[PDB]
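Novice: mmCIF, N, CA and C atoms, file entry_28.cif:
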```
data_protein
loop_
_atom_site.label_atom_id
_atom_site.label_comp_id
_atom_site.auth_asym_id
_atom_site.auth_seq_id
_atom_site.Cartn_x
_atom_site.Cartn_y
_atom_site.Cartn_z
N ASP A 4 73.74 28.79 35.80
CA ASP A 4 72.31 29.17 35.89
C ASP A 4 71.98 30.22 34.81
N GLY A 5 72.19 31.48 35.16
CA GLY A 5 71.88 32.61 34.29
C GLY A 5 70.43 33.05 34.26
N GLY A 6 70.25 34.27 33.77
CA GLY A 6 68.95 34.92 33.70
C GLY A 6 68.96 36.08 32.73
N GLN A 7 67.85 36.80 32.67
CA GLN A 7 67.69 37.90 31.74
C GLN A 7 68.64 39.05 32.05
N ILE A 8 69.01 39.76 30.99
CA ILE A 8 69.73 41.02 31.07
C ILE A 8 68.88 42.03 30.32
N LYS A 9 68.19 42.89 31.06
CA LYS A 9 67.21 43.80 30.48
C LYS A 9 67.76 45.22 30.37
N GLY A 10 67.60 45.82 29.20
CA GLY A 10 67.99 47.20 28.99
C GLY A 10 67.03 48.14 29.70
N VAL A 11 67.58 49.08 30.46
CA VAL A 11 66.77 50.01 31.25
C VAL A 11 65.89 50.89 30.35
N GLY A 12 66.49 51.47 29.32
CA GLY A 12 65.77 52.40 28.46
C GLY A 12 64.70 51.74 27.61
N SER A 13 64.97 50.52 27.16
CA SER A 13 64.07 49.82 26.23
C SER A 13 63.06 48.91 26.92
N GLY A 14 63.41 48.42 28.10
CA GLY A 14 62.63 47.38 28.75
C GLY A 14 62.70 46.04 28.03
N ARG A 15 63.67 45.88 27.13
CA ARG A 15 63.85 44.66 26.35
C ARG A 15 65.15 43.97 26.71
N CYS A 16 65.21 42.68 26.45
CA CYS A 16 66.30 41.83 26.91
C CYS A 16 67.36 41.54 25.85
N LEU A 17 68.58 41.32 26.33
CA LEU A 17 69.70 40.91 25.51
C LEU A 17 69.42 39.52 24.96
N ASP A 18 69.41 39.40 23.63
CA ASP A 18 68.81 38.25 22.95
C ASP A 18 69.67 37.82 21.76
N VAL A 19 69.94 36.53 21.65
CA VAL A 19 70.64 36.00 20.47
C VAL A 19 69.59 35.75 19.39
N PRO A 20 69.65 36.48 18.28
CA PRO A 20 68.64 36.36 17.22
C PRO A 20 68.39 34.93 16.73
N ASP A 21 67.11 34.55 16.73
CA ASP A 21 66.65 33.23 16.27
C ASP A 21 67.24 32.06 17.05
N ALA A 22 67.70 32.33 18.27
CA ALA A 22 68.35 31.33 19.11
C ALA A 22 69.52 30.65 18.40
N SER A 23 70.22 31.41 17.56
CA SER A 23 71.38 30.91 16.84
C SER A 23 72.49 30.57 17.82
N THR A 24 73.28 29.56 17.47
CA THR A 24 74.47 29.21 18.24
C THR A 24 75.73 29.42 17.40
N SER A 25 75.59 30.16 16.30
CA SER A 25 76.69 30.37 15.37
C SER A 25 77.58 31.51 15.86
N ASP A 26 78.87 31.24 16.00
CA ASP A 26 79.84 32.27 16.34
C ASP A 26 79.75 33.42 15.35
N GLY A 27 79.84 34.64 15.87
CA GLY A 27 79.77 35.84 15.06
C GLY A 27 78.39 36.46 14.95
N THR A 28 77.38 35.83 15.54
CA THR A 28 76.02 36.36 15.49
C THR A 28 75.91 37.57 16.41
N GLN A 29 75.54 38.72 15.84
CA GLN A 29 75.40 39.95 16.61
C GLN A 29 74.16 39.90 17.50
N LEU A 30 74.30 40.39 18.73
CA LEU A 30 73.21 40.44 19.69
C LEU A 30 72.20 41.52 19.35
N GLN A 31 70.99 41.36 19.88
CA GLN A 31 69.91 42.32 19.70
C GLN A 31 69.10 42.49 20.98
N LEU A 32 68.20 43.48 20.97
CA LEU A 32 67.14 43.60 21.96
C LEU A 32 65.93 42.81 21.50
N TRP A 33 65.23 42.18 22.44
CA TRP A 33 63.96 41.52 22.16
C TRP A 33 63.08 41.47 23.40
N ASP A 34 61.77 41.49 23.19
CA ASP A 34 60.81 41.30 24.27
C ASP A 34 61.27 40.15 25.16
N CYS A 35 61.26 40.39 26.47
CA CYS A 35 61.82 39.46 27.44
C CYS A 35 60.98 38.18 27.53
N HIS A 36 61.67 37.05 27.62
CA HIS A 36 61.02 35.76 27.81
C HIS A 36 62.00 34.73 28.42
N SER A 37 61.56 33.48 28.55
CA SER A 37 62.32 32.43 29.23
C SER A 37 63.19 31.57 28.30
N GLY A 38 63.30 31.97 27.04
CA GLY A 38 64.11 31.27 26.06
C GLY A 38 65.57 31.22 26.46
N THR A 39 66.26 30.15 26.10
CA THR A 39 67.66 29.97 26.50
C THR A 39 68.56 31.03 25.86
N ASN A 40 68.12 31.59 24.73
CA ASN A 40 68.85 32.66 24.05
C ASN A 40 68.79 34.02 24.75
N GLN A 41 68.12 34.08 25.90
CA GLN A 41 68.08 35.28 26.74
C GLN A 41 68.62 35.05 28.16
N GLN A 42 69.19 33.87 28.42
CA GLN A 42 69.68 33.55 29.76
C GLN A 42 71.20 33.67 29.81
N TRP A 43 71.68 34.66 30.55
CA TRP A 43 73.10 35.02 30.63
C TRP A 43 73.65 34.78 32.02
N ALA A 44 74.73 34.01 32.11
CA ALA A 44 75.37 33.69 33.37
C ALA A 44 76.66 34.49 33.51
N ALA A 45 76.78 35.24 34.60
CA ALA A 45 78.00 35.97 34.91
C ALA A 45 78.98 35.03 35.61
N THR A 46 80.21 34.93 35.11
CA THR A 46 81.19 34.01 35.68
C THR A 46 82.29 34.76 36.42
N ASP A 47 83.04 34.01 37.23
CA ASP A 47 84.18 34.56 37.97
C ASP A 47 85.29 35.07 37.04
N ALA A 48 85.38 34.49 35.85
CA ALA A 48 86.35 34.92 34.84
C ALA A 48 85.94 36.22 34.12
N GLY A 49 84.81 36.80 34.52
CA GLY A 49 84.36 38.07 33.97
C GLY A 49 83.48 37.94 32.74
N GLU A 50 83.07 36.72 32.40
CA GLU A 50 82.28 36.48 31.20
C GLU A 50 80.79 36.67 31.44
N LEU A 51 80.05 36.84 30.35
CA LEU A 51 78.61 36.67 30.33
C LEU A 51 78.33 35.58 29.31
N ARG A 52 77.93 34.41 29.81
CA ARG A 52 77.76 33.22 28.97
C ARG A 52 76.31 32.93 28.66
N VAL A 53 76.06 32.50 27.42
CA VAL A 53 74.76 32.01 26.99
C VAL A 53 74.94 30.58 26.45
N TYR A 54 73.93 29.74 26.67
CA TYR A 54 73.95 28.32 26.30
C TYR A 54 75.01 27.51 27.06
N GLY A 55 75.61 28.11 28.09
CA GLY A 55 76.69 27.49 28.83
C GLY A 55 78.07 27.59 28.19
N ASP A 56 78.14 27.68 26.86
CA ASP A 56 79.43 27.60 26.15
C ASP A 56 79.69 28.69 25.10
N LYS A 57 78.87 29.73 25.09
CA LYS A 57 79.12 30.89 24.24
C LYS A 57 79.29 32.13 25.11
N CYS A 58 80.23 32.99 24.73
CA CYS A 58 80.54 34.21 25.46
C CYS A 58 80.06 35.45 24.72
N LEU A 59 79.55 36.42 25.48
CA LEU A 59 79.35 37.77 24.98
C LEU A 59 80.73 38.31 24.61
N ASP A 60 80.87 38.79 23.38
CA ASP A 60 82.18 38.96 22.76
C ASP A 60 82.20 40.25 21.94
N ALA A 61 83.16 41.12 22.23
CA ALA A 61 83.35 42.35 21.47
C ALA A 61 84.26 42.06 20.27
N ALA A 62 83.73 42.28 19.07
CA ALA A 62 84.46 42.01 17.83
C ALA A 62 85.59 43.01 17.56
N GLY A 63 85.54 44.16 18.22
CA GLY A 63 86.53 45.21 18.07
C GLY A 63 86.65 46.05 19.33
N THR A 64 87.38 47.16 19.25
CA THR A 64 87.59 48.05 20.39
C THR A 64 87.12 49.48 20.16
N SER A 65 86.43 49.74 19.06
CA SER A 65 86.01 51.10 18.74
C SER A 65 84.51 51.29 18.85
N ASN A 66 84.08 52.55 18.88
CA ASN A 66 82.67 52.89 18.83
C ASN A 66 82.05 52.26 17.60
N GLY A 67 80.92 51.58 17.79
CA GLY A 67 80.23 50.90 16.71
C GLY A 67 80.66 49.46 16.50
N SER A 68 81.69 49.01 17.21
CA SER A 68 82.14 47.62 17.15
C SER A 68 80.98 46.70 17.52
N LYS A 69 80.80 45.63 16.75
CA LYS A 69 79.70 44.69 16.99
C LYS A 69 79.95 43.86 18.24
N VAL A 70 78.88 43.61 18.99
CA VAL A 70 78.92 42.68 20.11
C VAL A 70 78.15 41.43 19.67
N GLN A 71 78.80 40.28 19.84
CA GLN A 71 78.38 39.02 19.24
C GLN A 71 78.50 37.88 20.25
N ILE A 72 78.00 36.70 19.89
CA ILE A 72 78.36 35.48 20.62
C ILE A 72 79.58 34.85 19.97
N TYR A 73 80.38 34.17 20.78
CA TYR A 73 81.58 33.50 20.28
C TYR A 73 82.05 32.45 21.28
N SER A 74 82.67 31.39 20.78
CA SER A 74 83.24 30.37 21.64
C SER A 74 84.19 31.00 22.65
N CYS A 75 84.08 30.57 23.90
CA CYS A 75 84.85 31.15 25.00
C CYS A 75 86.31 30.73 24.95
N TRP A 76 87.22 31.68 25.15
CA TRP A 76 88.66 31.38 25.16
C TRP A 76 89.49 32.17 26.19
N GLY A 77 88.85 33.03 26.98
CA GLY A 77 89.53 33.74 28.05
C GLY A 77 90.08 35.10 27.66
N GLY A 78 89.79 35.56 26.44
CA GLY A 78 90.28 36.84 25.97
C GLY A 78 89.65 38.02 26.68
N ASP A 79 90.34 39.16 26.67
CA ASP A 79 89.85 40.36 27.36
C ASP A 79 88.63 40.99 26.69
N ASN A 80 88.40 40.67 25.42
CA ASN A 80 87.18 41.09 24.71
C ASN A 80 85.95 40.24 25.05
N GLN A 81 86.14 39.24 25.90
CA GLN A 81 85.05 38.42 26.42
C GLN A 81 84.84 38.65 27.92
N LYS A 82 85.49 39.69 28.46
CA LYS A 82 85.33 40.05 29.86
C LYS A 82 84.60 41.38 29.98
N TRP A 83 83.74 41.47 31.00
CA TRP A 83 82.84 42.60 31.19
C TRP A 83 82.79 42.98 32.66
N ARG A 84 82.98 44.27 32.93
CA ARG A 84 82.84 44.83 34.27
C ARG A 84 81.37 45.18 34.49
N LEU A 85 80.76 44.55 35.49
CA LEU A 85 79.34 44.74 35.78
C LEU A 85 79.20 45.75 36.91
N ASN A 86 79.11 47.02 36.53
CA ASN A 86 79.10 48.12 37.48
C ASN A 86 77.76 48.29 38.19
N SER A 87 77.80 48.91 39.36
CA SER A 87 76.62 49.10 40.19
C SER A 87 75.61 50.06 39.57
N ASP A 88 76.08 50.92 38.66
CA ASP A 88 75.21 51.89 37.97
C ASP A 88 74.53 51.32 36.71
N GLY A 89 74.62 50.01 36.52
CA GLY A 89 73.98 49.36 35.39
C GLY A 89 74.84 49.27 34.14
N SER A 90 75.98 49.95 34.11
CA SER A 90 76.85 49.87 32.94
C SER A 90 77.56 48.52 32.90
N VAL A 91 77.80 48.05 31.68
CA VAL A 91 78.45 46.78 31.41
C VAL A 91 79.60 47.13 30.48
N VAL A 92 80.81 47.18 31.03
CA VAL A 92 81.96 47.77 30.35
C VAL A 92 82.93 46.69 29.90
N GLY A 93 83.23 46.66 28.61
CA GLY A 93 84.18 45.70 28.07
C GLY A 93 85.57 45.97 28.60
N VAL A 94 86.24 44.92 29.07
CA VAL A 94 87.55 45.08 29.69
C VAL A 94 88.59 45.54 28.66
N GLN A 95 88.64 44.88 27.51
CA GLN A 95 89.62 45.23 26.48
C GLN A 95 89.39 46.64 25.92
N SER A 96 88.14 47.00 25.68
CA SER A 96 87.81 48.25 24.99
C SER A 96 87.64 49.46 25.91
N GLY A 97 87.22 49.21 27.15
CA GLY A 97 86.80 50.28 28.04
C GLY A 97 85.50 50.96 27.61
N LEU A 98 84.77 50.34 26.68
CA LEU A 98 83.53 50.89 26.14
C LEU A 98 82.32 50.13 26.69
N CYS A 99 81.16 50.78 26.64
CA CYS A 99 79.93 50.23 27.20
C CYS A 99 79.11 49.41 26.21
N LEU A 100 78.50 48.35 26.72
CA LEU A 100 77.46 47.61 26.01
C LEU A 100 76.31 48.57 25.73
N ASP A 101 75.93 48.70 24.46
CA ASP A 101 75.12 49.83 23.99
C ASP A 101 74.12 49.39 22.93
N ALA A 102 72.85 49.78 23.09
CA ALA A 102 71.85 49.52 22.06
C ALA A 102 72.01 50.53 20.93
N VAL A 103 72.32 50.03 19.74
CA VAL A 103 72.66 50.83 18.56
C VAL A 103 71.65 51.95 18.29
N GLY A 104 72.18 53.15 18.08
CA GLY A 104 71.39 54.31 17.68
C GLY A 104 70.36 54.75 18.70
N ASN A 105 70.59 54.42 19.97
CA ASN A 105 69.63 54.64 21.05
C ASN A 105 68.27 53.96 20.79
N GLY A 106 68.30 52.86 20.04
CA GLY A 106 67.09 52.14 19.68
C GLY A 106 66.52 51.36 20.85
N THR A 107 65.20 51.20 20.84
CA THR A 107 64.48 50.43 21.85
C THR A 107 63.65 49.27 21.31
N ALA A 108 63.44 49.22 19.99
CA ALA A 108 62.53 48.24 19.39
C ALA A 108 63.16 46.86 19.32
N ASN A 109 62.31 45.83 19.22
CA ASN A 109 62.76 44.49 18.85
C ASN A 109 63.68 44.56 17.65
N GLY A 110 64.82 43.89 17.73
CA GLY A 110 65.76 43.82 16.62
C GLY A 110 66.85 44.88 16.63
N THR A 111 66.78 45.82 17.58
CA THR A 111 67.85 46.79 17.77
C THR A 111 69.14 46.03 18.05
N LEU A 112 70.19 46.31 17.29
CA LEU A 112 71.45 45.60 17.45
C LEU A 112 72.25 46.15 18.63
N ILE A 113 73.24 45.38 19.06
CA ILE A 113 74.06 45.73 20.22
C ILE A 113 75.51 45.95 19.77
N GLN A 114 76.11 47.01 20.31
CA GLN A 114 77.46 47.45 19.94
C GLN A 114 78.23 47.90 21.18
N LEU A 115 79.49 48.28 20.97
CA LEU A 115 80.25 49.05 21.94
C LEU A 115 80.10 50.52 21.65
N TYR A 116 80.04 51.33 22.70
CA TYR A 116 80.03 52.78 22.54
C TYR A 116 80.51 53.47 23.82
N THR A 117 81.14 54.63 23.64
CA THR A 117 81.60 55.46 24.76
C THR A 117 80.59 55.48 25.90
N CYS A 118 81.06 55.19 27.10
CA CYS A 118 80.21 55.24 28.28
C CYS A 118 79.73 56.68 28.48
N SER A 119 78.41 56.85 28.52
CA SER A 119 77.78 58.17 28.63
C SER A 119 76.60 58.15 29.61
N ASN A 120 76.48 57.07 30.38
CA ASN A 120 75.36 56.86 31.30
C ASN A 120 73.97 56.88 30.66
N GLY A 121 73.90 56.59 29.37
CA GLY A 121 72.63 56.57 28.66
C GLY A 121 71.76 55.42 29.11
N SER A 122 70.44 55.59 29.00
CA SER A 122 69.51 54.52 29.36
C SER A 122 69.66 53.31 28.44
N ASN A 123 70.18 53.53 27.24
CA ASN A 123 70.51 52.44 26.31
C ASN A 123 71.86 51.77 26.61
N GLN A 124 72.49 52.16 27.72
CA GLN A 124 73.75 51.59 28.19
C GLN A 124 73.64 51.06 29.61
N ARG A 125 72.42 51.02 30.14
CA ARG A 125 72.22 50.54 31.49
C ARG A 125 71.40 49.26 31.42
N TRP A 126 71.79 48.28 32.23
CA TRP A 126 71.30 46.92 32.12
C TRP A 126 71.01 46.39 33.51
N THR A 127 69.86 45.74 33.66
CA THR A 127 69.42 45.26 34.96
C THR A 127 69.03 43.79 34.93
N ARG A 128 69.34 43.09 36.01
CA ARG A 128 68.72 41.80 36.28
C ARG A 128 67.25 42.05 36.61
N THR A 129 66.43 41.03 36.38
CA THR A 129 64.98 41.13 36.54
C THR A 129 64.51 40.32 37.73
#
```
Using the file provided, produce a representation of the structure as structure tokens.
Specialist:
Amino acid sequence: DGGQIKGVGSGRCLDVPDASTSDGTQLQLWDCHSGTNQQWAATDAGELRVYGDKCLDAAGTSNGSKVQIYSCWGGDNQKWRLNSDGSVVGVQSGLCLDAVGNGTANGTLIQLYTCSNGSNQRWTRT
């Protein structure tokens, strides 16, 4: 199924730019809508999937590491702990899904960053 993942601080949704299906495409914030590029399904394997067959994927384990779409393979960089406080924590990195530079505008990129309970690190279903 899946649905929107909205950033608390920005009021904008986790969005694959231009509805690309290309592996390595970095995620962004965008005004929320019903496009398939904003529908994320949480799986039992700990994934957040878009298009049914692409995984939310941490390209690295450090602060500033890009968060991208990528073909699913079961790796720990494609697993996310969905905490009750809105944080979305990468299993491999222990870092939070984070809107780059505390940005809120359309096109703000998504990265990993130290969990700090920031509004740019809190994510809600709608």
Novice: Check what the PyMOL selection byres ((chain A and resi 11) around 6) selects in the file above and give those residues as a list in words.
Specialist: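 On this input, the PyMOL selection byres ((chain A and resi 11) around 6) captures residues 9, 10, 12, 13, 14, 122, 123, 125, 126 and 127 of chain A.
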Novice: Kindly save the residues from that selection, with N, CA and C atoms included, as a PDB file, in the frame of the given file.
Specialist:
```
ATOM      1  N   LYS A   9      68.190  42.890  31.060  1.00  0.00           N
ATOM      2  CA  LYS A   9      67.210  43.800  30.480  1.00  0.00           C
ATOM      3  C   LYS A   9      67.760  45.220  30.370  1.00  0.00           C
ATOM      4  N   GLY A  10      67.600  45.820  29.200  1.00  0.00           N
ATOM      5  CA  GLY A  10      67.990  47.200  28.990  1.00  0.00           C
ATOM      6  C   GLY A  10      67.030  48.140  29.700  1.00  0.00           C
ATOM      7  N   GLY A  12      66.490  51.470  29.320  1.00  0.00           N
ATOM      8  CA  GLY A  12      65.770  52.400  28.460  1.00  0.00           C
ATOM      9  C   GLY A  12      64.700  51.740  27.610  1.00  0.00           C
ATOM     10  N   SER A  13      64.970  50.520  27.160  1.00  0.00           N
ATOM     11  CA  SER A  13      64.070  49.820  26.230  1.00  0.00           C
ATOM     12  C   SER A  13      63.060  48.910  26.920  1.00  0.00           C
ATOM     13  N   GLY A  14      63.410  48.420  28.100  1.00  0.00           N
ATOM     14  CA  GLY A  14      62.630  47.380  28.750  1.00  0.00           C
ATOM     15  C   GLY A  14      62.700  46.040  28.030  1.00  0.00           C
ATOM     16  N   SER A 122      70.440  55.590  29.000  1.00  0.00           N
ATOM     17  CA  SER A 122      69.510  54.520  29.360  1.00  0.00           C
ATOM     18  C   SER A 122      69.660  53.310  28.440  1.00  0.00           C
ATOM     19  N   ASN A 123      70.180  53.530  27.240  1.00  0.00           N
ATOM     20  CA  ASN A 123      70.510  52.440  26.310  1.00  0.00           C
ATOM     21  C   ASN A 123      71.860  51.770  26.610  1.00  0.00           C
ATOM     22  N   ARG A 125      72.420  51.020  30.140  1.00  0.00           N
ATOM     23  CA  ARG A 125      72.220  50.540  31.490  1.00  0.00           C
ATOM     24  C   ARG A 125      71.400  49.260  31.420  1.00  0.00           C
ATOM     25  N   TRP A 126      71.790  48.280  32.230  1.00  0.00           N
ATOM     26  CA  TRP A 126      71.300  46.920  32.120  1.00  0.00           C
ATOM     27  C   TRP A 126      71.010  46.390  33.510  1.00  0.00           C
ATOM     28  N   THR A 127      69.860  45.740  33.660  1.00  0.00           N
ATOM     29  CA  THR A 127      69.420  45.260  34.960  1.00  0.00           C
ATOM     30  C   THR A 127      69.030  43.790  34.930  1.00  0.00           C
TER      31      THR A 127
END
```
Novice: Translate the PyMOL selection byres ((chain A and resi 27-42) around 6) into a concrete residue list for this structure, as a VMD selection string.
Specialist: chain A and resid 5 to 8 15 to 20 22 25 to 26 43 to 44 52 to 54 70 to 73 108 to 113
Novice: Taking the DSSP secondary structure from the backbone, can you list the residues of segment 18-122 of chain A that are strand (DSSP E), as an MDAnalysis selection string?
Specialist: chainID A and resid 18 31:33 44:45 51:53 57:61 70:74 83:85 91:93 99:102 113:116
Novice: Can I get the selected residues back with N, CA and C atoms, as an mmCIF file, keeping the file's coordinate frame?
Specialist:
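What ended up in part.cif:
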```cif
data_model
loop_
_atom_site.group_PDB
_atom_site.id
_atom_site.type_symbol
_atom_site.label_atom_id
_atom_site.label_comp_id
_atom_site.auth_asym_id
_atom_site.auth_seq_id
_atom_site.Cartn_x
_atom_site.Cartn_y
_atom_site.Cartn_z
ATOM 1 N N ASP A 18 69.410 39.400 23.630
ATOM 2 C CA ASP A 18 68.810 38.250 22.950
ATOM 3 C C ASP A 18 69.670 37.820 21.760
ATOM 4 N N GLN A 31 70.990 41.360 19.880
ATOM 5 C CA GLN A 31 69.910 42.320 19.700
ATOM 6 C C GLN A 31 69.100 42.490 20.980
ATOM 7 N N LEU A 32 68.200 43.480 20.970
ATOM 8 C CA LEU A 32 67.140 43.600 21.960
ATOM 9 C C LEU A 32 65.930 42.810 21.500
ATOM 10 N N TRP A 33 65.230 42.180 22.440
ATOM 11 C CA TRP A 33 63.960 41.520 22.160
ATOM 12 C C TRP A 33 63.080 41.470 23.400
ATOM 13 N N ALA A 44 74.730 34.010 32.110
ATOM 14 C CA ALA A 44 75.370 33.690 33.370
ATOM 15 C C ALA A 44 76.660 34.490 33.510
ATOM 16 N N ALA A 45 76.780 35.240 34.600
ATOM 17 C CA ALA A 45 78.000 35.970 34.910
ATOM 18 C C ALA A 45 78.980 35.030 35.610
ATOM 19 N N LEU A 51 80.050 36.840 30.350
ATOM 20 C CA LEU A 51 78.610 36.670 30.330
ATOM 21 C C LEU A 51 78.330 35.580 29.310
ATOM 22 N N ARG A 52 77.930 34.410 29.810
ATOM 23 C CA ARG A 52 77.760 33.220 28.970
ATOM 24 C C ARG A 52 76.310 32.930 28.660
ATOM 25 N N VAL A 53 76.060 32.500 27.420
ATOM 26 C CA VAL A 53 74.760 32.010 26.990
ATOM 27 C C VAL A 53 74.940 30.580 26.450
ATOM 28 N N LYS A 57 78.870 29.730 25.090
ATOM 29 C CA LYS A 57 79.120 30.890 24.240
ATOM 30 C C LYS A 57 79.290 32.130 25.110
ATOM 31 N N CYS A 58 80.230 32.990 24.730
ATOM 32 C CA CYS A 58 80.540 34.210 25.460
ATOM 33 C C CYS A 58 80.060 35.450 24.720
ATOM 34 N N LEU A 59 79.550 36.420 25.480
ATOM 35 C CA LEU A 59 79.350 37.770 24.980
ATOM 36 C C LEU A 59 80.730 38.310 24.610
ATOM 37 N N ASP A 60 80.870 38.790 23.380
ATOM 38 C CA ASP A 60 82.180 38.960 22.760
ATOM 39 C C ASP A 60 82.200 40.250 21.940
ATOM 40 N N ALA A 61 83.160 41.120 22.230
ATOM 41 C CA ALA A 61 83.350 42.350 21.470
ATOM 42 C C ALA A 61 84.260 42.060 20.270
ATOM 43 N N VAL A 70 78.880 43.610 18.990
ATOM 44 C CA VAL A 70 78.920 42.680 20.110
ATOM 45 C C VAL A 70 78.150 41.430 19.670
ATOM 46 N N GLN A 71 78.800 40.280 19.840
ATOM 47 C CA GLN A 71 78.380 39.020 19.240
ATOM 48 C C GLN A 71 78.500 37.880 20.250
ATOM 49 N N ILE A 72 78.000 36.700 19.890
ATOM 50 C CA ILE A 72 78.360 35.480 20.620
ATOM 51 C C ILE A 72 79.580 34.850 19.970
ATOM 52 N N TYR A 73 80.380 34.170 20.780
ATOM 53 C CA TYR A 73 81.580 33.500 20.280
ATOM 54 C C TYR A 73 82.050 32.450 21.280
ATOM 55 N N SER A 74 82.670 31.390 20.780
ATOM 56 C CA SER A 74 83.240 30.370 21.640
ATOM 57 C C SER A 74 84.190 31.000 22.650
ATOM 58 N N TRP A 83 83.740 41.470 31.000
ATOM 59 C CA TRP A 83 82.840 42.600 31.190
ATOM 60 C C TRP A 83 82.790 42.980 32.660
ATOM 61 N N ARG A 84 82.980 44.270 32.930
ATOM 62 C CA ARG A 84 82.840 44.830 34.270
ATOM 63 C C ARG A 84 81.370 45.180 34.490
ATOM 64 N N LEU A 85 80.760 44.550 35.490
ATOM 65 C CA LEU A 85 79.340 44.740 35.780
ATOM 66 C C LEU A 85 79.200 45.750 36.910
ATOM 67 N N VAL A 91 77.800 48.050 31.680
ATOM 68 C CA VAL A 91 78.450 46.780 31.410
ATOM 69 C C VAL A 91 79.600 47.130 30.480
ATOM 70 N N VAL A 92 80.810 47.180 31.030
ATOM 71 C CA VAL A 92 81.960 47.770 30.350
ATOM 72 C C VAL A 92 82.930 46.690 29.900
ATOM 73 N N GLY A 93 83.230 46.660 28.610
ATOM 74 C CA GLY A 93 84.180 45.700 28.070
ATOM 75 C C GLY A 93 85.570 45.970 28.600
ATOM 76 N N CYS A 99 81.160 50.780 26.640
ATOM 77 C CA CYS A 99 79.930 50.230 27.200
ATOM 78 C C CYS A 99 79.110 49.410 26.210
ATOM 79 N N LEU A 100 78.500 48.350 26.720
ATOM 80 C CA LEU A 100 77.460 47.610 26.010
ATOM 81 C C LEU A 100 76.310 48.570 25.730
ATOM 82 N N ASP A 101 75.930 48.700 24.460
ATOM 83 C CA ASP A 101 75.120 49.830 23.990
ATOM 84 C C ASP A 101 74.120 49.390 22.930
ATOM 85 N N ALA A 102 72.850 49.780 23.090
ATOM 86 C CA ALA A 102 71.850 49.520 22.060
ATOM 87 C C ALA A 102 72.010 50.530 20.930
ATOM 88 N N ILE A 113 73.240 45.380 19.060
ATOM 89 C CA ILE A 113 74.060 45.730 20.220
ATOM 90 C C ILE A 113 75.510 45.950 19.770
ATOM 91 N N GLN A 114 76.110 47.010 20.310
ATOM 92 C CA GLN A 114 77.460 47.450 19.940
ATOM 93 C C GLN A 114 78.230 47.900 21.180
ATOM 94 N N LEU A 115 79.490 48.280 20.970
ATOM 95 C CA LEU A 115 80.250 49.050 21.940
ATOM 96 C C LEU A 115 80.100 50.520 21.650
ATOM 97 N N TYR A 116 80.040 51.330 22.700
ATOM 98 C CA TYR A 116 80.030 52.780 22.540
ATOM 99 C C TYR A 116 80.510 53.470 23.820
#
```
Novice: Calculate how many Å separate atom C of residue 24 of chain A from atom CA of residue 56 of chain A, rounding to one decimal.
Specialist: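 A separation of 9.7 Å between them.
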Novice: Could you list the residues chosen by the PyMOL selection byres (((chain A and resi 82 and name CA) around 12) and name CA) in this structure as a VMD selection string?
Specialist: chain A and resid 45 to 52 58 to 61 70 75 to 81 83 to 85 91 to 100
Novice: Please, what distance in Å, to one decimal, runs between atom C of residue 116 of chain A and atom CA of residue 88 of chain A?
Specialist: 15.2 Å
Novice: Run DSSP on the backbone of this structure and report the residues of chain A it assigns to helix (DSSP H, G or I), as a VMD selection string.
Specialist: chain A and resid 20 to 22 39 to 41 79 to 81 103 to 105 122 to 124
Novice: Rounded to one decimal place, report the atom N of residue 23 of chain A-atom CA of residue 57 of chain A distance in Å.
Specialist: 11.1 Å
Novice: Using only N, CA and C atoms for the distances, tell me which of A:87, A:115, A:107, A:21 is nearest to residue 62 of chain A.
Specialist: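 Using only N, CA and C atoms, residue 62 of chain A sits closest to A:115.
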